[PDB]
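Structure data (compact mmCIF, C-alpha atoms and all ligand atoms) from final_5.txt:
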# COMPACT_ATOMS: atom_id res chain seq x y z
CA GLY W 1 109.35 118.58 90.41
CA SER W 2 106.23 120.40 91.51
CA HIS W 3 106.76 119.11 94.97
CA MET W 4 110.11 120.53 95.83
CA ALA W 5 112.06 119.68 98.94
CA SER W 6 113.39 122.98 100.08
CA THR W 7 115.47 122.27 103.10
CA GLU W 8 116.59 119.00 104.67
CA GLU W 9 114.68 119.94 107.84
CA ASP W 10 111.41 120.04 105.87
CA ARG W 11 112.40 116.95 104.02
CA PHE W 12 112.55 115.19 107.31
CA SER W 13 109.78 116.94 109.21
CA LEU W 14 107.34 118.04 106.55
CA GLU W 15 107.77 115.00 104.46
CA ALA W 16 107.48 112.66 107.43
CA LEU W 17 104.30 114.41 108.44
CA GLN W 18 103.10 114.58 104.81
CA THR W 19 103.69 110.87 104.36
CA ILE W 20 101.79 109.86 107.51
CA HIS W 21 99.11 112.37 106.76
CA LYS W 22 98.82 110.87 103.29
CA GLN W 23 98.68 107.41 104.76
CA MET W 24 95.78 108.38 106.94
CA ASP W 25 94.23 111.13 104.85
CA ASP W 26 94.60 109.25 101.65
CA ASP W 27 92.90 111.92 99.81
CA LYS W 28 94.84 114.56 101.90
CA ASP W 29 91.85 116.40 101.52
CA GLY W 30 92.76 118.24 104.58
CA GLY W 31 91.25 116.10 107.07
CA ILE W 32 92.28 112.79 108.30
CA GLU W 33 89.06 111.08 108.60
CA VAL W 34 88.97 108.80 111.60
CA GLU W 35 88.04 105.94 109.36
CA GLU W 36 90.91 106.80 107.00
CA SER W 37 93.31 107.02 109.99
CA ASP W 38 92.14 103.63 111.21
CA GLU W 39 93.70 101.89 108.20
CA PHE W 40 97.22 103.19 108.98
CA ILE W 41 96.75 102.49 112.68
CA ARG W 42 95.58 98.91 111.95
CA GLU W 43 99.07 97.67 111.18
CA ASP W 44 101.86 100.29 111.58
CA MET W 45 100.49 101.47 114.85
CA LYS W 46 98.88 98.03 115.61
CA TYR W 47 102.31 96.75 116.63
CA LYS W 48 101.64 98.90 119.72
CA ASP W 49 98.10 100.41 119.66
CA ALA W 50 95.13 100.02 117.41
CA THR W 51 91.87 101.58 118.62
CA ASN W 52 93.23 103.72 121.46
CA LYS W 53 95.52 105.73 119.17
CA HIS W 54 92.46 107.19 117.46
CA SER W 55 90.34 107.20 120.60
CA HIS W 56 92.89 109.44 122.38
CA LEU W 57 93.72 111.92 119.58
CA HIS W 58 90.66 111.65 117.34
CA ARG W 59 88.39 111.68 120.45
CA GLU W 60 86.85 114.76 118.87
CA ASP W 61 89.66 116.13 116.80
CA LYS W 62 89.21 113.59 114.08
CA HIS W 63 89.73 115.45 110.89
CA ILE W 64 93.33 116.46 111.17
CA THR W 65 94.67 118.51 108.28
CA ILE W 66 98.29 118.29 106.87
CA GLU W 67 99.13 121.61 108.67
CA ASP W 68 97.38 120.44 111.78
CA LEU W 69 99.93 117.67 112.28
CA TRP W 70 102.64 120.31 112.33
CA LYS W 71 100.95 122.38 114.97
CA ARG W 72 99.80 119.25 116.83
CA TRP W 73 103.25 117.82 117.30
CA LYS W 74 104.67 121.33 117.72
CA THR W 75 102.45 121.63 120.74
CA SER W 76 103.16 118.11 121.88
CA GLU W 77 105.88 116.91 124.22
CA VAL W 78 107.46 114.78 121.43
CA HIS W 79 108.94 117.78 119.73
CA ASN W 80 109.86 119.36 123.07
CA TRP W 81 111.77 116.29 124.27
CA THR W 82 115.35 116.93 124.92
CA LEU W 83 118.13 114.38 124.94
CA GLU W 84 117.24 113.10 128.36
CA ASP W 85 113.50 112.86 127.53
CA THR W 86 114.11 111.17 124.22
CA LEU W 87 116.38 108.51 125.60
CA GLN W 88 114.43 107.77 128.68
CA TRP W 89 111.45 107.25 126.39
CA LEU W 90 113.67 105.06 124.20
CA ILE W 91 114.57 102.55 126.84
CA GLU W 92 111.18 102.82 128.53
CA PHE W 93 109.04 102.32 125.43
CA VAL W 94 111.57 100.97 122.98
CA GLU W 95 113.69 98.95 125.43
CA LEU W 96 116.95 99.60 123.53
CA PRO W 97 119.42 100.78 126.31
CA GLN W 98 122.28 99.54 124.22
CA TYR W 99 122.09 102.55 121.92
CA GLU W 100 120.71 105.22 124.17
CA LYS W 101 124.13 106.63 124.84
CA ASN W 102 124.92 106.91 121.15
CA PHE W 103 121.76 108.77 120.34
CA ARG W 104 121.86 111.03 123.38
CA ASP W 105 125.58 111.92 123.02
CA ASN W 106 125.53 112.26 119.19
CA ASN W 107 122.82 114.62 120.21
CA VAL W 108 119.40 113.35 119.82
CA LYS W 109 116.68 115.54 121.25
CA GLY W 110 113.12 115.15 120.00
CA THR W 111 114.60 115.41 116.58
CA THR W 112 114.70 112.09 114.81
CA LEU W 113 111.30 111.27 116.31
CA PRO W 114 109.41 113.67 113.90
CA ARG W 115 112.47 113.44 111.55
CA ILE W 116 112.46 109.68 110.87
CA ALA W 117 111.82 108.81 107.32
CA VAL W 118 109.73 105.91 106.24
CA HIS W 119 110.68 105.90 102.56
CA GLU W 120 113.36 108.59 102.49
CA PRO W 121 116.70 108.56 104.47
CA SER W 122 116.12 109.11 108.19
CA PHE W 123 118.05 111.39 110.54
CA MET W 124 118.88 108.88 113.38
CA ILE W 125 120.67 106.64 110.92
CA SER W 126 123.53 109.10 110.55
CA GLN W 127 123.61 109.53 114.33
CA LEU W 128 124.03 105.82 114.98
CA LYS W 129 127.12 103.77 114.05
CA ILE W 130 125.01 101.54 111.83
CA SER W 131 121.83 102.30 109.91
CA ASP W 132 120.77 98.76 110.79
CA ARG W 133 117.31 97.19 111.01
CA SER W 134 116.76 97.16 114.75
CA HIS W 135 117.62 100.83 114.93
CA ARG W 136 115.49 101.92 112.09
CA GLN W 137 112.53 99.73 113.01
CA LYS W 138 112.68 100.69 116.70
CA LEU W 139 112.72 104.38 115.99
CA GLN W 140 110.69 104.40 112.86
CA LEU W 141 107.74 102.67 114.43
CA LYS W 142 108.19 104.28 117.82
CA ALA W 143 108.69 107.74 116.42
CA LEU W 144 105.76 107.09 114.12
CA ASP W 145 103.97 106.13 117.33
CA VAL W 146 104.95 109.20 119.38
CA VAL W 147 104.35 111.52 116.50
CA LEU W 148 100.93 110.18 115.60
CA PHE W 149 99.91 109.67 119.19
CA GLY W 150 101.44 112.87 120.52
CA CA W 201 90.63 112.38 103.76
Could you take the file, read its structure, and then write that structure out as structure tokens?
Ligand SMILES: [Ca+2]
Amino acid sequence: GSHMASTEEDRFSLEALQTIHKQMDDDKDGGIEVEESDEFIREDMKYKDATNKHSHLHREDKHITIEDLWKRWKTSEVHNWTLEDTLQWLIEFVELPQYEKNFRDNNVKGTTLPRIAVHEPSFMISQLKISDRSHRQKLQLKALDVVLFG
């Protein structure tokens, strides 16, 4: 295809970011318009945050470009989280201490957070005994959360 997934890392990271960017910047015009962003926040993020998500990030920096997400999260703690950070955030904000050991030990460190996949296969799923609903939903929405909130 024209769009060609080069490496699995970009498939996870670039495509995750491309997908969320497309969901907010529908036109991917290179600027997530705060009003565009609002629509994706209104449900997917709504499970946690609705107006504050944009008020914190898009407080000024509204129009976020596809590349901007990359640098944004690159310069955000989410991507810098190690195995201890990731898991502490998991039980603290996810409340799933029954799988923290699996993730941590299988070696999860700020990885599956920007490497979850909404439509494609995720990363955490391989690193958990079962690619079950609770696992995917917990991390998909919470990773979506930490990525898009930063
Ligand atoms: Ca747009």
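Using all atoms listed in the file for every distance, the candidate list W:139, W:66, W:94, W:117 yields W:66 as the residue closest to ligand CA 201 (chain W).
By only C-alpha atoms, and with residues fewer than 2 positions from residue 149 in chain W along its chain excluded, the set lying at most 8 Å from it is residues 53, 56, 57, 145, 146 and 147 of chain W.
A distance cut-off of 6 Å from ligand CA 201 (chain W), applied to all atoms listed in the file, picks out the residues residues 25, 26, 27, 28, 29, 31, 32 and 33 of chain W.
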For range 96-111 of chain W: contacts at 9 Å, only C-alpha atoms, fewer than 4 positions along chain excluded, given as a short mmCIF file (atom, residue, chain, number, x, y, z; two decimals) with C-alpha atoms, in the coordinates of the input:
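The new file part-v2.cif reads:
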data_model
loop_
_atom_site.label_atom_id
_atom_site.label_comp_id
_atom_site.auth_asym_id
_atom_site.auth_seq_id
_atom_site.Cartn_x
_atom_site.Cartn_y
_atom_site.Cartn_z
CA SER W 13 109.78 116.94 109.21
CA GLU W 77 105.88 116.91 124.22
CA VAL W 78 107.46 114.78 121.43
CA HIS W 79 108.94 117.78 119.73
CA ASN W 80 109.86 119.36 123.07
CA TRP W 81 111.77 116.29 124.27
CA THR W 82 115.35 116.93 124.92
CA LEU W 83 118.13 114.38 124.94
CA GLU W 84 117.24 113.10 128.36
CA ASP W 85 113.50 112.86 127.53
CA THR W 86 114.11 111.17 124.22
CA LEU W 87 116.38 108.51 125.60
CA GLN W 88 114.43 107.77 128.68
CA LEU W 90 113.67 105.06 124.20
CA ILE W 91 114.57 102.55 126.84
CA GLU W 92 111.18 102.82 128.53
CA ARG W 115 112.47 113.44 111.55
CA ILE W 116 112.46 109.68 110.87
CA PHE W 123 118.05 111.39 110.54
CA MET W 124 118.88 108.88 113.38
CA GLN W 127 123.61 109.53 114.33
CA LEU W 128 124.03 105.82 114.98
CA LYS W 129 127.12 103.77 114.05
CA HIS W 135 117.62 100.83 114.93
CA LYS W 138 112.68 100.69 116.70
#
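You will find CA of residue 44 in chain W at 26.9 Å from CA of residue 4 in chain W.
Taking CA of residue 51 in chain W and CA of residue 35 in chain W as the two end points, the separation is 10.9 Å.
Picture a line from CA of residue 59 in chain W to CA of residue 119 in chain W; it runs 29.2 Å.
Each of W:10, W:58, W:46, W:65 was compared to residue 22 in chain W using all atoms listed in the file, and W:65 turns out to be the nearest.
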Residue neighbourhood residue 40 in chain W, 9 Å, only C-alpha atoms, exclusion window fewer than 4 positions, as a ChimeraX atom specification: /W:20,23-24,36,44-46
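Ranking W:7, W:61, W:144, W:150 by their shortest atom-to-atom distance to residue 41 in chain W, with all atoms listed in the file included, puts W:144 first.
Residue nearest residue 74 in chain W within the list W:15, W:50, W:114, W:1: W:114 [criterion: smallest interatomic distance, all atoms listed in the file].
The shortest atom-to-atom distance to residue 70 in chain W, with only C-alpha atoms taken into account, belongs to W:148 out of W:6, W:54, W:47, W:148.
With all atoms listed in the file as the atoms that count, the residue of W:38, W:21, W:140, W:68 with the shortest distance to residue 120 in chain W is W:140.
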Six-sided padding of 5 Å per side, axis-aligned box over range 105-122 of chain W, centre and edges in Å, one decimal, as JSON:
{"center_x": 117.5, "center_y": 110.7, "center_z": 112.8, "size_x": 26.2, "size_y": 19.6, "size_z": 30.5}
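Around residue 118 in chain W, within 8 Å and counting all atoms listed in the file, the residues found are residues 16, 121, 122 and 140 of chain W, once anything fewer than 3 positions away on its own chain is removed.
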Place N, CA, C and O atoms on range 125-137 of chain W and deliver the coordinates as a CSV table (one decimal), keeping the file's coordinate frame.
chain,number,residue,atom,x,y,z
W,125,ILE,N,119.8,107.6,111.6
W,125,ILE,CA,120.7,106.6,110.9
W,125,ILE,C,122.1,107.2,110.8
W,125,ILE,O,123.1,106.4,111.0
W,126,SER,N,122.2,108.5,110.6
W,126,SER,CA,123.5,109.1,110.6
W,126,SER,C,124.1,109.2,112.0
W,126,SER,O,125.3,109.1,112.2
W,127,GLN,N,123.2,109.3,112.9
W,127,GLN,CA,123.6,109.5,114.3
W,127,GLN,C,123.7,108.2,115.1
W,127,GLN,O,123.7,108.2,116.3
W,128,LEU,N,123.8,107.1,114.4
W,128,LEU,CA,124.0,105.8,115.0
W,128,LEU,C,125.1,105.2,114.1
W,128,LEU,O,125.1,105.3,112.9
W,129,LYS,N,126.0,104.4,114.7
W,129,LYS,CA,127.1,103.8,114.0
W,129,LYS,C,126.7,102.9,112.8
W,129,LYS,O,127.4,102.9,111.9
W,130,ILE,N,125.5,102.3,112.9
W,130,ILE,CA,125.0,101.5,111.8
W,130,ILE,C,123.5,101.8,111.6
W,130,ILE,O,122.7,101.8,112.6
W,131,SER,N,123.2,102.0,110.4
W,131,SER,CA,121.8,102.3,109.9
W,131,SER,C,121.1,101.0,109.8
W,131,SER,O,120.3,100.7,108.9
W,132,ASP,N,121.3,100.1,110.8
W,132,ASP,CA,120.8,98.8,110.8
W,132,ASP,C,119.3,98.7,111.1
W,132,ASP,O,118.6,99.6,111.5
W,133,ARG,N,118.8,97.5,111.0
W,133,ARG,CA,117.3,97.2,111.0
W,133,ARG,C,116.7,97.5,112.3
W,133,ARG,O,115.8,98.3,112.4
W,134,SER,N,117.3,97.0,113.4
W,134,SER,CA,116.8,97.2,114.8
W,134,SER,C,116.6,98.6,115.1
W,134,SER,O,115.7,99.1,115.7
W,135,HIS,N,117.6,99.4,114.6
W,135,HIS,CA,117.6,100.8,114.9
W,135,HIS,C,116.5,101.6,114.2
W,135,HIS,O,115.8,102.3,114.8
W,136,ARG,N,116.5,101.3,112.9
W,136,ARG,CA,115.5,101.9,112.1
W,136,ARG,C,114.1,101.5,112.5
W,136,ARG,O,113.3,102.3,112.8
W,137,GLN,N,113.9,100.2,112.6
W,137,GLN,CA,112.5,99.7,113.0
W,137,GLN,C,112.1,100.2,114.4
W,137,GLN,O,111.0,100.7,114.5
